[PDB]
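Beneath this line is the structure, given in structure tokens, with notes to follow.
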2 protein chains.
Amino acid sequence: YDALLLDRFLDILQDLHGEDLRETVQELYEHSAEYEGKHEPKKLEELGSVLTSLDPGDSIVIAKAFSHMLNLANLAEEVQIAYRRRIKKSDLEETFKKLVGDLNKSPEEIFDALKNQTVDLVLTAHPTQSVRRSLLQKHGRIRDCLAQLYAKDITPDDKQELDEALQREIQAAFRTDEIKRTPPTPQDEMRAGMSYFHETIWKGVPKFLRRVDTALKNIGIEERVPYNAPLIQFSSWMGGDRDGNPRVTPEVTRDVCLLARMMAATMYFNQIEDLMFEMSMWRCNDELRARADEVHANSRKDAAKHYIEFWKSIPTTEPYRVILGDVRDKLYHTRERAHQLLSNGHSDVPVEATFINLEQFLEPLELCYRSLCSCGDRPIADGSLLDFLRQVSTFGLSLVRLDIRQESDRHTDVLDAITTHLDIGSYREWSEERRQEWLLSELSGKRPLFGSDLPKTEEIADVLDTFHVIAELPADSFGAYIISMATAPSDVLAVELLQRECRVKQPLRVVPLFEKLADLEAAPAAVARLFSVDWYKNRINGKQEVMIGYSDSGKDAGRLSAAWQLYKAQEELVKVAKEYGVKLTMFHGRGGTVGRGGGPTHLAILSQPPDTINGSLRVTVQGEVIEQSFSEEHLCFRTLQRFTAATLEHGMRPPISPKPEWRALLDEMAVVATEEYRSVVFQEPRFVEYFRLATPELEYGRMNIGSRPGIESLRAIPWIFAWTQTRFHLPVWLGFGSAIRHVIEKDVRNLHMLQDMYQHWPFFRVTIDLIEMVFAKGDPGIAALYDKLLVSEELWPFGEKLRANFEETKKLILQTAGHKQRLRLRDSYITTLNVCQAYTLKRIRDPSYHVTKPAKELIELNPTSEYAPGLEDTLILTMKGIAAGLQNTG
Amino acid sequence: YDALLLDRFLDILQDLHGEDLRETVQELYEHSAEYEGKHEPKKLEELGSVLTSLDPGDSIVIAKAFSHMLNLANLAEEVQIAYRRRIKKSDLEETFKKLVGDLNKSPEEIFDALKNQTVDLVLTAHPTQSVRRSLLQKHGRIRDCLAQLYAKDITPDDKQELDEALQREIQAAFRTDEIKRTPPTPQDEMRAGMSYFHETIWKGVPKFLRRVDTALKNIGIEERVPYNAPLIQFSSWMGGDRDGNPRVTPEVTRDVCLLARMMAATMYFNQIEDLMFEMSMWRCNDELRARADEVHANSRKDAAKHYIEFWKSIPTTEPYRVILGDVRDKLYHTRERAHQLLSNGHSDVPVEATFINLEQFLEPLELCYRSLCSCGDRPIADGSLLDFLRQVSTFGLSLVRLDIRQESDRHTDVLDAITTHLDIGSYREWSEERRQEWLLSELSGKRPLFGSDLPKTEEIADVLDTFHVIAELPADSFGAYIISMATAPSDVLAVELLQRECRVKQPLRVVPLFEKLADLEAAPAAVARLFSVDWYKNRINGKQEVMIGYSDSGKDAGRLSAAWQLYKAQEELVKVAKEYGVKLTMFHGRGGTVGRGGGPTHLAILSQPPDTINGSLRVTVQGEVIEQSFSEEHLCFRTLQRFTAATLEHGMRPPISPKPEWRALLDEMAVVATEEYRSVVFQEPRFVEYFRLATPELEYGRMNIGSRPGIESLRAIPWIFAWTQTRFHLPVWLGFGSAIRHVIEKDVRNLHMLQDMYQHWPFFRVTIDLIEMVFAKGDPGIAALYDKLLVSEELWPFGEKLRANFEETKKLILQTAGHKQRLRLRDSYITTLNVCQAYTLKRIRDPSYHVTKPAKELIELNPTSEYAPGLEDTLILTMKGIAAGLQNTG
């Protein structure tokens with residue numbers, strides 16, 4: 001069945017570029033097969049020899065070919081998983097049954113805990129989505145075709161028409177330029193994020209809640225999940241996160257907020273007419289009777305011809321139609337208003353004619369529900385009306401609440417300008433104590449601070465104008481104000497002051513972001529110091545949110561040390577919040593790759609310390625993970641399934657708390673790990689030199705994924721990207737070798753204690769299992785090839801030292817997990833792209849192959865390329881395809 | 001499996017009204033089962049005895065119960081047909097294979113004939129759709145649930161959720177008042193008609209054409225059906241037919257035209273953005289390159305924020321996106337313009353900014369197609385772009401072309417006013433010759449006729465204003481001007497003159513409607529006389545359309561005589577058109593019931609005389625048949641399948657031409673049939689008396705189906721309705737008895753010749769088989785019950801005389817067809833509703849049970865009922881349910 005895609009695609013490839021090129025692709029496939037089988041490193045050079053001969057256009061076509069074959073492999077894998085799972089006729093029903101049987105927990109406990117449980121998924125425009133959207137659509141169509149084929153209800157002509165359809169959709173994908181020729185704007189990123197709503201999420205949320213209802217009825221709970229119960233929520237960073245991204249201007253934030261609002265208004269408006277058609281009963285309460293009579297009083301006996309259906313005054317015979325007709329009116333005016341507000345700078349549509357409240361909208365629908373229940377129509381109410389209720393109470397008037405993020409130093413620049421212009425000193429030079437006292441006096445005082453005439457920089461005006469934009473817009477359109485590089489209470493209070501002073505009517509919550517290891521180590525002390533300020537603790541209203549980054553922690557220190565310190569951080573932050581009687585909700589800035597704290601979602605949730613969630617969780621979804629977890633109905637369902645099940649279990653089934661011997665052991669082990677890590681990534685003076693040569697790191701910016709224009713000073717995303725492309729995964733496994741070897745060295749019974757830890761402590765089991773997965777996706781022969789082709793003859797043994805540690809570390813990992821179904825194959829295509837990337841990198845870093853209308857062939861697609869005509873496109877294609885095969889970019 | 005619906009519904013009925021009422025329904029079901037089995041006529045009285053006891057509300061609930069059970073039976077029947085047909089893994093592929101094998105016809109002949117073949121389906125608002133739209137939606141949902149259940153890929157929770165869904169949707173249907181409490185407006189009728197487009201037809205047409213492409217490729221024709229080839233078209237009468245309907249005002253016609261136009265604009269606009277997303281290639285011709293560069297010149301470098309997607313100026317890298325982006329612009333302005341034109345009386349949107357031409361729209365899409373084909377992307381072009389092309393070239397800028405119909409006497413009134421005010425005589429009093437000469441002189445003259453100061457009546461102004469409305473609106477929004485009661489060329493020329501004189505820029509074609517038997521007999525002479533006028537023959541442009549009604553023909557004369565005369569009519573009209581070198585297309589005003597020329601569509605097409613279609617057919621779809629043939633994907637497909645296959649076969653496989661002995665035989669037989677028919681329906685002086693008592697005819701108007709406010713002088717629709725409700729079907733079989741008996745009486749070998757005719761002449765075979773079907777749906781015991789309960793003791797034997805002829809005629813029918821799978825059952829429910837209708841009719845026509853806030857029970861739903869509180873609703877429910885069970889109203 002693996003042969004199928006190969007057959008169809010290679011048929012199309014021959015129909016588009018001839019037999020010769022299809023045969024050469026087949027040869028590369030056979031050599032790669034002999035490599036992923038026999039594992040002879042000579043086969044790699046044997047393959048590269050074939051790659052050298054290729055014409056400039058032909059090499060582009062070859063990279064294209066293995067790239068699209070990898071994408072098709074991803075789609076076939078998704079289809080086979082969905083069907084192999086569906087033909088069974090963690091998991092929600094299994095989780096409930098286990099919670100009853102294992103832990104003696106009762107159904108009403110599960111229902112109660114589930115009612116008060118919340119999972120806030122926030123989508124980010126982090127530049128990790130390699131495939132352009134124009135091609136993502138084509139992928140969606142193709143997986144639709146392959147899903148309809150993998151079935152036994154095919155009627156011959158339907159199968160033939162799906163054959164023609166899949167053929168033309170493959171041809172369409174292959175006929176599009178996969179290379180973004182200009183990087184996107186923030187608005188484009190927000191569009192790409194929000195596209196999953198009016199395609200999957202919007203109908204996916206009600207379906208998921210309905211399934212939860214079914215499971216609860218399978219436990220004996222006739223009651224239903226409350227429509228207003230916030231089991232899942234969505235936030236966004238698209239257009240809000242401006243940290244290190246000057247292209248996210250205030251006007252961008254206005255744009256994305258008006259945008260999302262208009263999308264919501266449109267969706268509700270498309271729903272409301274069909275809901276009106278269904279609610280055709282004539283029985284209601286005295287309550288709904290009175291209200292419908294009220295609407296029929298001010299019924300506006302008019303033509304009302306702007307609508308298509310129900311343009312006549314709705315008779316009181318059908319009262320639900322009266323009320324929902326008013327809901328339609330306020331929806332029409334909401335949509336037209338947001339459309340004008342976005343299109344122009346203003347609208348003449350009266351605000352009293354629109355829905356301004358989150359639940360001005362909800363009130364009429366709530367009334368319809370109470371009516372249906374009172375009159376015995378609870379089944380009818382638990383249908384389209386319940387779907388609509390959940391959609392309103394989940395997506396609100398603006399599909400997602402937007403977060404704003406900014407680095408603390410910009411707020412410090414603003415405040416410094418304010419104190420200098422006020423001739424009272426320099427806020428920068430002030431100590432922490434002084435800043436706290438001053439900020440407190442201004443927060444409690446009633447006199448305005450700065451004025452119209454405050455001297456501002458483009459930066460200072462940028463942040464001040466973002467606050468004014470926040471003031472101008474509706475409060476339910478925003479989420480949290482996240483402070484990057486937060487260290488002291490003064491950083492938070494500076495934001496509270498700048499908000500109040502910029503006349504922010506309803507100021508949004510402030511949340512510090514601790515991402516570097518130094519800041520996570522001292523985070524509990526800082527949060528406690530903030531809670532110590534009574535003025536802030538009284539306004540925080542017993543609830544506080546603090547963000548915990550995962551990307552940069554494992555970059556400057558070891559991955560093991562970073563994970564362990566993260567656990568410690570969560571644990572002591574919970575201790576602080578409990579100490580101050582504040583409900584702490586922690587915001588996990590997790591990535592897609594394990595190097596940035598990624599991995600299976602339920603494993604990451606299980607690896608959190610116990611009693612740190614408590615029915616309140618907040619997790620980012622990094623760009624590419626949006627597509628990974630919401631591009632199909634089944635994917636979206638399995639996602640919300642995984643999240644809510646993991647949280648509920650972590651609430652009722654606490655993970656084991658570590659024994660003290662395991663605490664001290666992991667402290668020592670973390671010391672050894674960090675020394676081992678910084679030994680090779682910072683102490684070695686030639687390391688940065690070897691890195692910029694042996695990995696394709698420098699070329700990452702050429703993909704134009706995001707809108708954002710030494711090794712300590714680079715972003716974590718291309719850091720994990722470089723070692724993932726070369727399939728070496730250094731930042732994933734580095735410290736573990738020396739850590740384990742030192743722990744068995746110091747004591748031999750520590751081997752028995754490691755074996756003890758792997759079989760009982762969830763955090764350790766997950767950590768080791770993840771490292772084992774990453775080893776299952778690695779091959780040091782690739783890094784050897786990159787060294788032999790790109791690293792100077794001098795520090796060749798350096799990489800071999802690394803290659804040593806790799807295997808050494810792997811030997812230890814399986815020794816702790818106690819290890820020693822036949823997918824493979826895709827590594828053949830991946831290998832071909834690896835060799836192509838190495839040799840292409842060699843030809844790129846040369847002088848001979850450098851630079852000193854319409855397009856009708858692939859070579860004319862890059863006319864402004866500093867490198868040789870056909871080369872740059874080939875390199876970008878290699879990165880794209882290798883990323884697709886590994887199902888991870890950075 | 002029949003027991004399933006009974007189980008589920010009766011469970012809901014008990015959950016809504018208690019065990020007692022469910023048990024009484026079960027009793028009625030058992031008595032009806034003993035009647036449809038043992039056929040004891042005592043069982044009917046045994047059942048009515050049980051019906052008498054029922055409380056006023058309970059009888060309403062019982063009629064409701066059997067009505068909804070009948071509807072569910074219809075839905076289960078449709079699902080079982082669709083699945084029983086789908087599990088085979090006439091018909092298009094079979095028709096092609098038979099055309100090749102049987103008749104030696106070649107593939108290119110089939111393709112050529114298919115290219116030049118057209119089928120114009122015109123939807124009518126004829127008041128035959130008994131079920132209100134608010135309930136039709138619920139039926140659609142229920143059949144969705146039942147279709148998803150009748151399958152073996154149910155995952156337990158999915159099956160349970162569909163259980164809950166079907167339960168709540170049944171409860172929702174049963175909780176709606178099935179009774180239209182006010183009759184609709186014409187605009188509502190047009191909405192109900194057009195709803196099938198933005199739900200089924202719009203996506204159904206491209207799918208059907210794709211299937212035709214598949215079959216052609218299964219015959220060896222790699223070529224595809226031309227996108228602009230008009231294989232199927234749609235016209236409408238909704239808002240245009242004003243014959244005897246004063247509520248269809250000119251403003252109504254304006255309304256329905258602007259309406260349909262705005263619907264089309266909206267649909268195209270929703271399609272165009274996704275099409276833009278797919279066409280992401282970069283290869284085009286020099287042609288499309290030049291045009292896309294042209295658009296990019298006037299690209300309007302602006303924000304363009306009123307759109308959601310592609311608000312940035314589209315780069316020339318993707319030229320298809322440039323062109324389709326312009327198509328999006330002109331679509332947006334088309335939609336906004338039609339929306340303002342409808343909402344207000346005017347729009348400021350410039351006409352040059354919109355699509356004004358039928359193929360100004362088509363030009364850019366045609367260019368995109370040529371581009372894709374030239375660059376080797378013909379598979380991509382034959383996908384969404386081809387679907388869109390076919391949608392444009394099939395639905396145009398206004399989903400349907402509207403017909404206008406008016407009785408000739410109104411045009412005569414207008415012209416008479418014009419000649420009297422001009423003091424030149426009285427057009428009414430003028431002979432035909434004089435009218436022809438005068439109309440001709442005015443048509444060829446250049447001086448205006450009437451002026452602003454012409455004295456007009458509300459009628460005269462009605463028709464004149466309809467012509468002005470036609471002048472104000474776009475020409476591609478209208479179809480034909482059909483003349484009711486057309487007898488002479490002067491009736492047509494009067495319309496041509498009134499059109500030209502009302503400044504109708506592009507005058508629409510005029511078409512006479514011959515529906516009464518007298519007019520069909522003399523139709524060929526009249527059409528020939530019209531073609532004799534050289535002035536008209538030169539402007540008709542070799543093409544002429546003439547309408548042929550089926551409703552009234554079988555009402556004043558026998559059904560047999562009417563059918564036979566229809567055949568003769570078509571045949572001699574073709575002779576006339578061939579004699580004048582005019583391409584004649586005939587417009588068949590067929591109904592849903594056989595009494596109005598209904599029946600299976602392919603049988604009706606086979607029963608047309610040979611060489612009378614010639615790749616041009618026009619058929620009405622009477623109100624209820626719209627739902628019957630377009631409420632589901634499968635239904636719509638089977639419909640277009642049936643029509644196009646039947647026409648193609650009737651083109652390449654001509655039916656046998658009747659032998660002359662069969663001609664004379666059918667002439668005699670028709671004489672005997674007409675005498676036998678008028679003997680009982682017009683000669684009998686007490687017949688009208690017996691009819692107004694033994695049938696529920698008088699009560700038809702109580703259903704409020706349409707917007708239209710002796711027996712010779714009634715409409716054919718309630719005429720077939722009355723004898724269909726009583727399941728006697730008098731107008732279907734009346735004359736056949738005496739006809740056949742006289743033909744075997746005059747000659748004994750005429751029995752051998754009848755046997756000869758049934759096995760070789762398609763018209764006769766279809767006629768007899770239809771009569772046999774109608775007998776398969778009849779039961780004289782019902783008519784006996786109606787007589788015994790409602791007809792006075794006096795003329796009881798009269799009905800028995802009819803009951804005699806019934807059986808006698810049936811004996812003859814099977815004697816010609818040579819006759820002597822186990823569905824039945826539904827006749828049990830139908831029988832229950834029959835008895836209920838009879839006894840309820842008896843209690844309605846009395847004095848004791850006559851008349852001398854909100855609603856919280858069924859009895860308060862009719863507060864303005866001249867009859868007893870619970871009675872009228874029960875009667876309407878009986879008519880609705882009986883109509884549903886027989887799958888025919890009138």
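Residues in the structure tokens are numbered from 1 in each chain, the chains being A, B, ... in the order shown, and ligands are numbered from 1 in the order shown.
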**Report entry** Every residue of range 186-293 of chain B that DSSP places in strand (DSSP E or B), as a PyMOL selection string
**Finding:** chain B and resi 232-236+241+281
Query - Within 8 Å of range 577-592 of chain A using only C-alpha atoms, minus same-chain residues under 6 positions, as a ChimeraX atom specification - result: /A:528,531,541-551,570,598-599,613,616-622,624-625,888,890
For the residues in that selection, give me C-alpha atoms as a JSON list (two decimals), in the first residue's frame.
[["chain", "number", "residue", "atom", "x", "y", "z"],
["A", 528, "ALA", "CA", 6.07, 35.95, 45.94],
["A", 531, "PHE", "CA", 2.09, 39.04, 45.89],
["A", 541, "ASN", "CA", -8.74, 39.28, 42.70],
["A", 542, "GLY", "CA", -7.26, 36.01, 43.94],
["A", 543, "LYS", "CA", -6.27, 34.94, 40.40],
["A", 544, "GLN", "CA", -2.84, 35.27, 38.80],
["A", 545, "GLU", "CA", -1.39, 33.99, 35.54],
["A", 546, "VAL", "CA", 2.34, 33.56, 34.93],
["A", 547, "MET", "CA", 3.94, 32.30, 31.71],
["A", 548, "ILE", "CA", 6.65, 29.63, 31.62],
["A", 549, "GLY", "CA", 8.73, 29.47, 28.44],
["A", 550, "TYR", "CA", 10.30, 26.27, 27.14],
["A", 551, "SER", "CA", 12.30, 27.39, 24.08],
["A", 570, "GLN", "CA", 5.92, 25.02, 38.46],
["A", 598, "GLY", "CA", 7.26, 19.75, 22.50],
["A", 599, "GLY", "CA", 6.26, 16.13, 22.21],
["A", 613, "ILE", "CA", -3.13, 22.66, 36.96],
["A", 616, "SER", "CA", -6.95, 25.61, 34.63],
["A", 617, "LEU", "CA", -4.38, 25.15, 31.87],
["A", 618, "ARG", "CA", -2.96, 27.43, 29.17],
["A", 619, "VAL", "CA", -0.74, 26.15, 26.36],
["A", 620, "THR", "CA", 0.61, 27.70, 23.18],
["A", 621, "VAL", "CA", 0.25, 26.03, 19.77],
["A", 622, "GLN", "CA", 3.28, 26.97, 17.68],
["A", 624, "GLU", "CA", 3.06, 24.43, 12.49],
["A", 625, "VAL", "CA", 1.27, 22.64, 15.33],
["A", 888, "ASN", "CA", 8.96, 19.03, 12.60],
["A", 890, "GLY", "CA", 12.05, 23.81, 14.81]]
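Atom pair CA of residue 3 in chain B / CA of residue 39 in chain B has a distance of 21.8 Å (rounded to one decimal).
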Query raised in the report: Skipping near chain neighbours, those fewer than 3 positions away, what residues fall within 7 Å of range 411-415 of chain B using only C-alpha atoms, listed as a PyMOL selection string?
Result: chain B and resi 408+418-419+427-428+460+494
Query - chain A contacts to chain B at 6 Å (only C-alpha atoms) as a list in words - result: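 Close enough to count are residues 89, 155, 168, 175, 176, 280, 281, 305, 306, 343, 379 and 380 of chain A.
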Report task. Would you list the contacts of residue 774 in chain A as number ranges by chain, taking every protein, DNA or RNA residue within 12 Å and counting only C-alpha atoms, but skipping same-chain residues closer than 3 positions in sequence? Result -> A: 593-595, 598-599, 723-724, 727-734, 767-771, 777-779, 806, 809-810, 813, 886, 888
Query - Residues of range 398-621 of chain B in helix (DSSP H, G or I), written as a count of residues only - result: 114
Query - For residue 451 in chain B: contacts at 12 Å, only C-alpha atoms, fewer than 6 positions along chain excluded, given as a PyMOL selection string - result: chain B and resi 417-418+421-422+464+501-502
Output file for the selection above: N, CA, C and O atoms, as a PDB file, in the first residue's frame:
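The resulting part.pdb:
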ATOM      1  N   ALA B 417     -59.197  48.889 -25.542  1.00  0.00           N
ATOM      2  CA  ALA B 417     -59.085  50.221 -24.961  1.00  0.00           C
ATOM      3  C   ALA B 417     -58.297  51.140 -25.879  1.00  0.00           C
ATOM      4  O   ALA B 417     -58.631  52.323 -26.027  1.00  0.00           O
ATOM      5  N   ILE B 418     -57.266  50.594 -26.533  1.00  0.00           N
ATOM      6  CA  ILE B 418     -56.397  51.402 -27.382  1.00  0.00           C
ATOM      7  C   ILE B 418     -57.123  51.839 -28.648  1.00  0.00           C
ATOM      8  O   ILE B 418     -56.957  52.976 -29.103  1.00  0.00           O
ATOM      9  N   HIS B 421     -60.006  54.407 -27.564  1.00  0.00           N
ATOM     10  CA  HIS B 421     -59.463  55.721 -27.241  1.00  0.00           C
ATOM     11  C   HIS B 421     -58.904  56.417 -28.472  1.00  0.00           C
ATOM     12  O   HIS B 421     -58.921  57.650 -28.540  1.00  0.00           O
ATOM     13  N   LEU B 422     -58.400  55.657 -29.442  1.00  0.00           N
ATOM     14  CA  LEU B 422     -57.953  56.213 -30.716  1.00  0.00           C
ATOM     15  C   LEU B 422     -59.104  56.485 -31.673  1.00  0.00           C
ATOM     16  O   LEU B 422     -58.860  56.981 -32.775  1.00  0.00           O
ATOM     17  N   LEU B 464     -50.043  46.389 -18.816  1.00  0.00           N
ATOM     18  CA  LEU B 464     -49.123  47.394 -19.347  1.00  0.00           C
ATOM     19  C   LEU B 464     -47.934  47.594 -18.418  1.00  0.00           C
ATOM     20  O   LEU B 464     -46.785  47.705 -18.867  1.00  0.00           O
ATOM     21  N   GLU B 501     -44.412  48.329 -28.184  1.00  0.00           N
ATOM     22  CA  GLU B 501     -44.980  49.633 -27.900  1.00  0.00           C
ATOM     23  C   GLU B 501     -44.667  50.080 -26.483  1.00  0.00           C
ATOM     24  O   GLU B 501     -44.589  51.285 -26.222  1.00  0.00           O
ATOM     25  N   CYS B 502     -44.476  49.132 -25.568  1.00  0.00           N
ATOM     26  CA  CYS B 502     -44.030  49.421 -24.215  1.00  0.00           C
ATOM     27  C   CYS B 502     -42.517  49.523 -24.115  1.00  0.00           C
ATOM     28  O   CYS B 502     -41.965  49.335 -23.025  1.00  0.00           O
TER      29      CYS B 502
END
Query raised in the report: How far is it from CA of residue 346 in chain B to CA of residue 352 in chain A, in Å with one decimal?
Result: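 So the two atoms, CA of residue 346 in chain B and CA of residue 352 in chain A, lie 27.4 Å apart.
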